[PDB]
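Report on one structure; see the data block that follows.
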Number of protein chains: 2
Amino acid sequence: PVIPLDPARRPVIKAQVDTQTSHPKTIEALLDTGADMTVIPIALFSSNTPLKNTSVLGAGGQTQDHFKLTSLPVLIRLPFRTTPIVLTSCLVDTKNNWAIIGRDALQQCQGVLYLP
Amino acid sequence: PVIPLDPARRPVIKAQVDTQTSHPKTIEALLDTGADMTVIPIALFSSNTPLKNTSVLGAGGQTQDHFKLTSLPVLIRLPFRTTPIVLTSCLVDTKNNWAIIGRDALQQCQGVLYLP
Ligand SMILES: CCOP(=O)(COc1ccc(C[C@H](NC(=O)O[C@H]2CO[C@H]3OCC[C@H]32)[C@H](O)CN(CC(CC)CC)S(=O)(=O)c2ccc(N)cc2)cc1)OCC
């Protein structure tokens with residue numbers, strides 16, 4: 001659909017996220033054209049699954065251990081999408097519990113930004 | 001125009017930014033639907049202009065003095081718009097010198113995010 005842009009209303013969408021480490025869960029994710037990679041809350045994984053370390057660009061500069069990387073792909077389903085989005089890797093939020101749909105996912109939705 | 005989304009290429013645009021504290025400047029700004037407010041590099045200002053302090057939620061926890069707020073509106077011109085965007089105020093990056101077009105600006109462009 002068309003998602004209007006308003007500073008007062010975050011552009012969020014409901015997405016079913018399959019971490020492949022527990023049952024799929026529908027969560028509210030922010031549609032973020034500025035995000036190179038999707039961000040998923042660690043609450044969506046098991047506490048017995050391996051994640052890999054890595055640096056990430058963030059609003060505070062550089063955060064070492066805030067974000068982890070997934071080890072298995074993550075499949076993401078949209079309300080209007082029969083087929084799943086498959087991201088070879090995406091970030092995992094071990095603290096803030098952020099849900100961010102980045103450009104990696106938006107590319108597979110054939111999603112675009114339109115400025116009249 | 002229509003700006004495709006790809007994790008490998010950021011949705012950037014050249015924007016003329018008029019801080020009203022020096023001459024207008026063309027910079028390359030990242031189009032960011034996840035940014036509630038625009039961020040512009042302090043390199044655009046004078047070293048004699050007043051900015052106001054402000055908190056912002058960001059990756060890595062909480063940063064008190066990283067971002068400043070403008071005191072005068074900021075005018076932004078894009079290549080496809082003769083008329084300027086006028087932001088009552090927007091954030092100023094005192095370190096990374098980020099250029100981010102947020103939803104405050106995208107709303108005035110009547111910008112939207114479209115996923116088929
Ligand atoms: C000029 C280009 O800057 P650079 O010098 C440094 O890279 C950058 C690339 C993008 C961004 C922007 C930022 N990215 C990001 O954190 O996402 C990361 C995950 O995925 C990877 O993939 C690349 C990104 C990472 C978000 O989109 C938007 N934010 C909020 C959101 C949570 C509310 C998630 C943080 S907000 O904090 O900025 C912000 C919040 C509220 C406001 N009212 C105003 C601003 C900043 C720096 O690039 C040149 C090498």
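Letters A, B, ... mark the chains of the structure tokens in the order given; residue numbers begin at 1 per chain; ligand numbers begin at 1, in order shown.
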
Note to self: Show me, as a ChimeraX atom specification, the residues of chain A whose atoms get within 10 Å of chain B, using only C-alpha atoms for the distance check.
What the structure shows: /A:1-12,30-38,56-67,80-81,93,95-96,98,100-116

Item checked: Selection: 10 Å around residue 27 in chain B, only C-alpha atoms, excl. self and same-chain fewer than 4 positions, as a PyMOL selection string -> chain B and resi 12-17+40-41+44+99

Next item on the list: May I have the residues within 6 Å of residue 74 in chain B as a ChimeraX atom specification, using only C-alpha atoms and disregarding those fewer than 6 positions away in the same chain?
Entry: /B:18-19,86-87

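For the residues B:39, B:77, B:22, B:47, ranking by smallest atom-to-atom distance to ligand 1 using only C-alpha atoms and all ligand atoms places B:39 first.
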
Notebook entry, point to check: Could you name the residues that touch residue 42 in chain B at 7 Å or less, counting only C-alpha atoms, but leaving out those on the same chain fewer than 3 positions away, as a ChimeraX atom specification?
Noted result: /B:45,92-94,97

Margin query: DSSP on the backbone, helix (DSSP H, G or I) only: what residues of range 1-104 of chain A does that give? Format it as a ChimeraX atom specification.
Written below: /A:42-44,103-104

Write a file of the just-selected residues containing N, CA and C atoms, as a PDB file, in the first residue's frame.
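Below is the file that was written, out-v3.pdb:
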ATOM      1  N   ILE A  42      15.586  -9.322  19.960  1.00  0.00           N
ATOM      2  CA  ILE A  42      16.061 -10.620  20.395  1.00  0.00           C
ATOM      3  C   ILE A  42      14.951 -11.417  21.070  1.00  0.00           C
ATOM      4  N   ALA A  43      13.889 -10.747  21.526  1.00  0.00           N
ATOM      5  CA  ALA A  43      12.749 -11.454  22.101  1.00  0.00           C
ATOM      6  C   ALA A  43      12.110 -12.426  21.119  1.00  0.00           C
ATOM      7  N   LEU A  44      12.393 -12.291  19.827  1.00  0.00           N
ATOM      8  CA  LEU A  44      11.815 -13.187  18.838  1.00  0.00           C
ATOM      9  C   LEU A  44      12.612 -14.472  18.644  1.00  0.00           C
ATOM     10  N   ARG A 103      16.225  -1.575   4.202  1.00  0.00           N
ATOM     11  CA  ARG A 103      16.188  -1.593   2.746  1.00  0.00           C
ATOM     12  C   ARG A 103      16.417  -2.995   2.205  1.00  0.00           C
ATOM     13  N   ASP A 104      17.113  -3.844   2.966  1.00  0.00           N
ATOM     14  CA  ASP A 104      17.273  -5.231   2.548  1.00  0.00           C
ATOM     15  C   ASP A 104      15.921  -5.896   2.357  1.00  0.00           C
TER      16      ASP A 104
END

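With distances taken over only C-alpha atoms and all ligand atoms, A:91 is the one residue among A:85, A:91, A:51, A:76 lying closest to ligand 1.
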
According to DSSP computed on the backbone, where in range 4-80 of chain B is there strand (DSSP E)? Give the residues as a CSV table (one decimal) with N, CA, C and O atoms, in the first residue's frame.
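Output (states.csv):
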chain,number,residue,atom,x,y,z
B,4,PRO,N,14.3,3.8,-5.8
B,4,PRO,CA,14.3,2.4,-5.4
B,4,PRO,C,15.1,2.2,-4.2
B,4,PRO,O,16.0,3.0,-3.8
B,12,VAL,N,20.0,8.5,-1.2
B,12,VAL,CA,20.5,9.8,-0.9
B,12,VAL,C,20.1,10.7,-2.0
B,12,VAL,O,19.7,10.3,-3.1
B,13,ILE,N,20.1,12.0,-1.6
B,13,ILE,CA,19.7,13.1,-2.6
B,13,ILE,C,20.6,14.3,-2.3
B,13,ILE,O,21.0,14.5,-1.1
B,14,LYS,N,20.8,15.1,-3.3
B,14,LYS,CA,21.5,16.4,-3.2
B,14,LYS,C,20.5,17.4,-2.8
B,14,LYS,O,19.4,17.5,-3.5
B,15,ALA,N,20.7,18.1,-1.7
B,15,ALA,CA,19.8,19.1,-1.2
B,15,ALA,C,20.5,20.4,-0.9
B,15,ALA,O,21.6,20.3,-0.3
B,16,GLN,N,19.9,21.5,-1.2
B,16,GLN,CA,20.4,22.8,-0.9
B,16,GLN,C,19.8,23.2,0.5
B,16,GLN,O,18.6,23.2,0.6
B,17,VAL,N,20.7,23.3,1.5
B,17,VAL,CA,20.2,23.6,2.8
B,17,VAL,C,20.6,25.0,3.2
B,17,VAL,O,21.8,25.4,3.1
B,18,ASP,N,19.7,25.8,3.6
B,18,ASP,CA,19.8,27.2,4.0
B,18,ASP,C,19.6,27.2,5.5
B,18,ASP,O,18.4,27.2,6.0
B,25,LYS,N,24.0,25.8,1.0
B,25,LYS,CA,25.0,24.8,0.7
B,25,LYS,C,24.3,23.6,0.2
B,25,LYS,O,23.2,23.2,0.7
B,26,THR,N,24.9,23.0,-0.8
B,26,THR,CA,24.4,21.7,-1.4
B,26,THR,C,25.2,20.6,-0.7
B,26,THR,O,26.4,20.6,-0.7
B,27,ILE,N,24.4,19.7,-0.1
B,27,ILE,CA,25.0,18.5,0.5
B,27,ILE,C,24.2,17.3,0.1
B,27,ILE,O,23.2,17.4,-0.6
B,28,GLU,N,24.7,16.1,0.4
B,28,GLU,CA,24.1,14.8,0.1
B,28,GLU,C,23.5,14.2,1.3
B,28,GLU,O,24.2,13.9,2.2
B,29,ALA,N,22.1,14.1,1.3
B,29,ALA,CA,21.4,13.7,2.5
B,29,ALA,C,20.7,12.4,2.2
B,29,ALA,O,20.2,12.1,1.1
B,30,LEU,N,20.6,11.6,3.3
B,30,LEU,CA,20.0,10.3,3.3
B,30,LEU,C,18.5,10.4,3.5
B,30,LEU,O,18.1,10.9,4.5
B,31,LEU,N,17.7,9.8,2.6
B,31,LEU,CA,16.3,9.9,2.8
B,31,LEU,C,15.9,8.8,3.7
B,31,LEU,O,16.1,7.6,3.5
B,39,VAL,N,18.2,15.7,10.2
B,39,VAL,CA,19.5,16.0,10.8
B,39,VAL,C,20.4,16.6,9.7
B,39,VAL,O,20.5,16.1,8.6
B,40,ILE,N,21.1,17.7,10.1
B,40,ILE,CA,22.0,18.3,9.1
B,40,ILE,C,23.4,18.5,9.8
B,40,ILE,O,23.5,18.7,11.0
B,41,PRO,N,24.5,18.4,9.0
B,41,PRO,CA,25.8,18.6,9.6
B,41,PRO,C,26.0,20.0,10.1
B,41,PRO,O,25.7,21.0,9.5
B,52,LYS,N,20.2,24.9,20.4
B,52,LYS,CA,19.6,24.5,21.7
B,52,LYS,C,19.9,23.0,21.9
B,52,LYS,O,20.0,22.2,21.0
B,53,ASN,N,19.9,22.6,23.2
B,53,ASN,CA,20.2,21.3,23.6
B,53,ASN,C,19.0,20.4,23.5
B,53,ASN,O,17.9,20.9,23.5
B,56,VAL,N,17.8,12.6,22.0
B,56,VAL,CA,17.1,11.9,20.9
B,56,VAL,C,17.4,10.4,21.2
B,56,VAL,O,18.5,10.0,21.7
B,57,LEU,N,16.4,9.6,21.0
B,57,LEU,CA,16.6,8.1,21.1
B,57,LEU,C,17.4,7.6,19.9
B,57,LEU,O,17.1,8.0,18.7
B,58,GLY,N,18.4,6.8,20.2
B,58,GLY,CA,19.3,6.4,19.1
B,58,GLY,C,19.9,5.0,19.5
B,58,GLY,O,19.8,4.5,20.6
B,61,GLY,N,21.9,3.2,23.2
B,61,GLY,CA,21.5,3.7,24.4
B,61,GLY,C,20.9,5.1,24.4
B,61,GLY,O,19.9,5.4,23.8
B,62,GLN,N,21.6,6.0,25.1
B,62,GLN,CA,21.2,7.4,25.2
B,62,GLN,C,22.3,8.4,25.1
B,62,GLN,O,23.3,8.2,25.8
B,63,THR,N,22.2,9.4,24.3
B,63,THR,CA,23.2,10.4,24.1
B,63,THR,C,22.7,11.8,24.4
B,63,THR,O,21.7,12.3,23.8
B,67,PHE,N,23.4,15.6,19.8
B,67,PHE,CA,22.6,16.3,18.8
B,67,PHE,C,22.1,17.6,19.4
B,67,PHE,O,21.7,17.7,20.6
B,68,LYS,N,22.1,18.7,18.6
B,68,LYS,CA,21.6,20.0,18.9
B,68,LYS,C,20.4,20.3,18.0
B,68,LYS,O,20.2,19.7,16.9
B,69,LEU,N,19.6,21.3,18.5
B,69,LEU,CA,18.5,21.8,17.8
B,69,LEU,C,18.7,23.1,17.2
B,69,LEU,O,19.4,24.0,17.8
B,74,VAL,N,15.0,26.0,9.0
B,74,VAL,CA,16.0,25.6,8.0
B,74,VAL,C,15.3,25.3,6.7
B,74,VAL,O,14.2,24.6,6.7
B,75,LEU,N,15.8,25.9,5.7
B,75,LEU,CA,15.2,25.8,4.4
B,75,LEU,C,15.9,24.8,3.5
B,75,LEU,O,17.2,24.8,3.5
B,76,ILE,N,15.2,23.9,2.9
B,76,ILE,CA,15.8,22.8,2.1
B,76,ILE,C,15.2,22.8,0.7
B,76,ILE,O,14.0,22.9,0.6
B,77,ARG,N,16.1,22.8,-0.3
B,77,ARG,CA,15.6,22.7,-1.7
B,77,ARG,C,16.1,21.5,-2.3
B,77,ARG,O,17.3,21.1,-2.2

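When CA of residue 50 in chain B is paired with CA of residue 70 in chain B, their separation reads 7.7 Å.
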
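The coordinates place CA of residue 89 in chain A at 7.0 Å from CA of residue 72 in chain A.
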
Next item on the list: Would you mind telling me which residue in A:83, A:55, A:48, A:21 lies nearest to ligand 1 when using only C-alpha atoms and all ligand atoms?
Entry: A:55

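Interatomic distance, atom 36 (S, counted along the ligand's line) of ligand 1 against CA of residue 84 in chain A: 27.1 Å.
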